[PDB]
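Notes follow the structure.
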Amino acid sequence: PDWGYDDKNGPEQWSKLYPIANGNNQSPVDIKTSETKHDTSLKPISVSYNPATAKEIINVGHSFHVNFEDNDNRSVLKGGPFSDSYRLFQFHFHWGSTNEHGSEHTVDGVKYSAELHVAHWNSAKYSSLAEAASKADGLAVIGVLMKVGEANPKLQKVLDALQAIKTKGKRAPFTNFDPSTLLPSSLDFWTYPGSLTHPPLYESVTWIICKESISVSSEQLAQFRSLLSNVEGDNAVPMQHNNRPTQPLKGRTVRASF
Ligand SMILES: COC(=O)c1cc(S(N)(=O)=O)c(Cl)cc1S(=O)(=O)c1ccccc1
Ligand SMILES: [Zn+2]
């Protein structure tokens, strides 16, 4: 692809090929808690996932993705700022080259060591991800900040699966998994209108950022970094990082559910 995370094709150069990188609705952002506004219309988040929708784990070169069956509404996100249910599509992570900064979002300028994204599309209004993905109301992503510390045993199915998808394009079945198990105990959240965090950078995402973090150990993060961006047979190139810097708020308000 024409983009990545290296100095030659990374975030600071994505605007040349994707000019919306310099848009007014870009993600991630720093959440300044003193500036958030409470919206009394927000409802709690409700996640209702069916573990039989887990389908496949895929090495996509710059990251890896756990896909869910995309056929019906068996797994949905509801509540929060939404009127419509959104259909679970995938989850994935971002991480950094150091434990010091691997998240995408930051809170009061604090950088976490990784971030979980649980992505959904608006199957009430639209009929495919392809149709929804460029629409302002098309996508919803739950972000969870991951604080380095004790090993998180909830990650073990995912981490154990990585040995079968070492290089770019490899994939393997990944079944019987409810990714709400990866979320924090409480689903208190912030929300703002933003974008996918890598190309094509569409401004189509309602972000739901959990207030509570989850843990991850330094060795678990090293397992992400040990994934390889090259194809099989080519000299091994580790996926050392895949987190975008925070982007200007440009007048948006971050709403708080608490
Ligand atoms: C390869 O794409 C992704 O993995 C991804 C990542 C994000 S992220 N990182 O912003 O959560 C979103 Cl919202 C959504 C997507 S995605 O919906 O799967 C996507 C894919 C191709 C084009 C348009 C949208
Ligand atoms: Zn992401």
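FYI, side chains are in, hydrogens and waters are out, and symmetry mates aren't considered; it's all heavy atoms of this structure. Count residues from 1 along the sequence.
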### Query
Can you list the steps and then say if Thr246 with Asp30 is a side chain to side chain donor-acceptor pair (under 3.5 Å)?
CA-CA 6 Å; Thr246 56; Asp30 180 56; over 6 Å; no
Exercise for the section: Please report the C-alpha distance between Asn25 and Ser195 in whole Å, then the side-chain angles of each, then the deciding distance to 0.1 Å, and finally whether the side-chain contact (heavy atoms from CB on, under 4.5 Å) criterion is met. Expected result: CA-CA 6 Å; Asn25 291 85; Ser195 74; 5.6 Å; no
Original post:
So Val66 and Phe93, side-chain contact (heavy atoms from CB on, under 4.5 Å) or not? Walk me through it.
Top reply: CA-CA 10 Å; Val66 175; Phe93 304 86; over 6 Å; no
Requested in this report: Using the side-chain contact (heavy atoms from CB on, under 4.5 Å) rule, take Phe224 and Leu162 through it: C-alpha gap first, then chi angles, then the decisive distance, then the call.
Outcome: CA-CA 8 Å; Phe224 294 158; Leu162 297 183; 4.2 Å; yes
- Query: How far apart are the C-alpha atoms of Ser27 and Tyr192, what are their side-chain angles, what is the distance that settles it, and do they pass the side chain to side chain donor-acceptor pair (under 3.5 Å) test?
  - Reply: CA-CA 9 Å; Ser27 294; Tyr192 74 96; 2.8 Å; yes
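When all heavy atoms of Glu212 and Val144 are compared, the pair lying nearest together is O-CG1, 4.0 Å. Considering all non-hydrogen atoms of both residues, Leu42 and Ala256 come closest at CD1-O, 3.6 Å. Of all the heavy atoms in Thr197 and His94, the pair that sits closest is OG1-CE1, 3.6 Å. Between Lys55 and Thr175, the closest heavy-atom pair is O-CG2, 4.2 Å. Considering all non-hydrogen atoms of both residues, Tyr49 and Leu77 come closest at CE2-N, 4.4 Å. Taking each heavy atom of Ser180 and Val47 in turn, the nearest pair found is CB-CG2, 3.7 Å.
Within 6.0 Å of atom CD in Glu131, more than 12 heavy atoms from other residues, nucleotides or ligands are found, so the atom counts as buried in its surroundings.
For residues 145-170, the set of pairs meeting the salt bridge (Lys or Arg N to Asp or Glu O under 4.0 Å) definition, not counting sequence neighbours, is empty. Listed by first then second residue, pairs satisfying ring pair (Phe, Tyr, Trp, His ring centres under 6.0 Å) with a partner in residues 146-178 read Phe91-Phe177, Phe174-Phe177, not counting sequence neighbours.
Looking only at side-chain heavy atoms (C-beta outward), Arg87 and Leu129 stay at 4.5 Å or farther from each other. Put simply, the side chain of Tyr112 does not reach to within 4.5 Å of the side chain of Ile214, judged on heavy atoms. Contact check for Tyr202 versus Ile20: no side-chain heavy atoms found under the 4.5 Å cut-off. For the pair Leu182/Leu155, a side-chain contact is recorded, criterion being any heavy-atom separation below 4.5 Å from C-beta on. You'll find the side chain of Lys135 stays beyond 4.5 Å of the side chain of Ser204, heavy atoms only. Between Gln220 and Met146 the shortest side-chain heavy-atom distance does not fall below 4.5 Å.
The closest donor-acceptor contact from the side chain of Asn243 to the backbone of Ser103 lies under 3.5 Å. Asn59 contributes a side-chain N or O that, together with a main-chain N or O of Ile165, makes up a donor-acceptor pair within less than 3.5 Å. With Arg171 contributing its side chain and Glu56 its backbone, the two residues share no donor-acceptor pair below 3.5 Å. A distance-only check finds a donor-acceptor pair linking the side chain of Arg225 to the backbone of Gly96 [under 3.5 Å]. Checking side-chain atoms of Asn73 against main-chain N and O of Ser123 turns up no donor-acceptor pair under 3.5 Å.
Distance check: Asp234 CG to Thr167 OG1 gives 9.5 Å after rounding to the nearest 0.5 Å.
Between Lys125 and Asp84 there is no salt bridge, since no side-chain N of the basic residue sits under 4.0 Å from a carboxylate O of the acidic one.
A perpendicular orientation is assigned to the rings of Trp14 and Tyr5, their planes being inclined by more than 60° (bins at 30° and 60°).
The six-membered or imidazole ring of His105 lies away from that of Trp190, with a centre-to-centre distance of 6.0 Å or more.
Legend: residues meeting ring pair (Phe, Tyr, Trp, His ring centres under 6.0 Å) with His62, ordered by chain and number and at least two apart, are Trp3, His198.
A side chain to side chain contact (heavy atoms under 4.5 Å, CB included) with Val216 is found for exactly one of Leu159, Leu145, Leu221, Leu116, namely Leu221.
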